[PDB]
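1. no FASTA, just this:
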């Protein structure tokens, strides 16, 4: 085999009717979780933007040269890109968990343990599978 | 015509590209709003059930008669039905607004003023409508 992993878990049973019944409640719970990620992110971004505005205003009061101002400006932008990028990672991971849960069907092979373990804690009741 | 209404609005154009692009975001946003209704509902149901239990206990300590304890039981169940029913009407309305927006297409005739007004406030950028027939 050309697929290399620690362990695989096959999917045998999915309670489609039960999942179907609670899907709306489950989709809302994921959107609440997603929005708390986006809200934390927006809060961090605004705080960083304020810090950068005050840092530049400080350099100006001190009559610093353009190069010093540019470095602060560039540094702030990089930090804010990191905040966006880190948050995107967390959002993409939740999208993957939700996507795998929603399209969960028997004869599927789950070959990343962290993903498998995420499916169990969040949706253990709706499925059964074996190593 | 045998269809009766105050005033109707033809959809003239739908910005499908943007709807398609913002759909995922819009959908989570509706689901959050939907859940806020459901959470309020559940809180009220749970608190009201506690009340009914305590109220029955109180009739017990005062040694009230059965027909008295029953009317308070039935009045409790009634109110709890009303909590469930009222919130369901609100959920039904949110479901309709969202359903209408997703399947919204040129030439569609929107004939309830309150629905139109909700569509415009929630998703005004996405579509164009004219009152004239």
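-> Cool, got the structure. Numbers count the residues shown, from 1 in each chain, chains lettered A, B, ... in the order given.

2. ok, which stretches of chain A are strands?
-> A:9-14, A:109-110, A:127-130 (DSSP state E).

3. let me have those in TSV, extended by mean neighbour count and distance to residue B:13.
-> C-beta here means a position set from N, CA and C on the backbone, and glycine is covered the same way. Shown next, in TSV, are the strands of chain A (neighbours: other CB atoms under 10 Å in any protein chain shown; distance: least, CB to CB, whole Å):
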stretch	mean neighbour count	distance to residue B:13
strand A:9-14	16	41
strand A:109-110	15	45
strand A:127-130	15	44
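
4. what about those, which gets the closest to residue B:110?
-> Nearest to residue B:110 among the strands of chain A is strand A:9-14 (39.3 Å), distances taken as CB to CB.

5. could the strands of chain A go into TSV alongside distance to chain B?
-> Supplementary listing: these in TSV, determined by distance: least, CB to the nearest CB, whole Å:
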stretch	distance to chain B
strand A:9-14	22
strand A:109-110	24
strand A:127-130	22
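
6. the lengthiest helix in chain A and chain B, are they touching?
-> Using DSSP state H to define each element, chain A has its longest helix at helix A:16-61. Yes. Applying CB under 8 Å from any CB of the partner chain, one finds helix A:16-61 touching chain B at A:24-25, A:27-32, A:34-35.

7. packing partners for that helix?
-> The contact analysis (3 or more CB pairs under 8 Å, 6 or more residues apart in numbering or on different chains; DSSP states H and E) places helix A:16-61 against helix A:66-102, helix B:16-61.

8. let's go with 10 Å and repeat that
-> Secondary-structure packing of helix A:16-61 (3 or more CB pairs under 10 Å, 6 or more residues apart in numbering or on different chains; DSSP states H and E): helix A:66-102, helix A:113-123, helix B:16-61.

9. would you mind getting the angle between it and helix B:16-61?
-> Helix A:16-61 and helix B:16-61 are oriented at 110 degrees to each other (axes from the mean of the first three to the mean of the last three CA atoms, to 10 degrees).

10. just the buried residues out of the residues of helix A:16-61 next to chain B, in ChimeraX syntax.
-> The buried residues among the residues of helix A:16-61 next to chain B can be selected in ChimeraX (16 or more other CB atoms under 10 Å in any protein chain shown) with this line:
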select /A:27,28,29,30,31,34
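
11. format the residues of helix A:16-61 next to chain B as CSV; extra columns: distance to residue A:73.
-> Formatted as CSV, the residues of helix A:16-61 next to chain B follow (distance: CB to CB, whole Å):
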residue, distance to residue A:73
A:24, 46
A:25, 46
A:27, 41
A:28, 41
A:29, 40
A:30, 37
A:31, 35
A:32, 36
A:34, 31
A:35, 31
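
12. which of the residues of helix A:16-61 next to chain B lies closest to residue A:109?
-> Distances from residue A:109 to those, taken by CB to CB, are shortest for residue A:30, at 23.4 Å.

13. ok, the closest residue in space to the closest one that isn't next to it in sequence - contacts?
-> Nearest non-adjacent residue to residue A:30, counting by CB to CB, 6 or more residues apart in numbering or on different chains: residue A:98, 5.1 Å away. Neighbouring residues of residue A:98 by CB atoms under 10 Å, 6 or more residues apart in numbering or on different chains: A:26-27, A:29-31, A:33-34, A:118, A:122-123.

14. what count of nearby residues applies to residue A:90?
-> Residues near residue A:90, counting by other CB atoms under 10 Å in any protein chain shown, number 15.

15. how much space separates it from residue A:28?
-> Separation of residue A:90 from residue A:28 (CB to CB, to the nearest Å) stands at 19 Å.

16. likewise residue A:2?
-> Applying CB to CB to residue A:2 and residue A:28 gives a distance of 40 Å.
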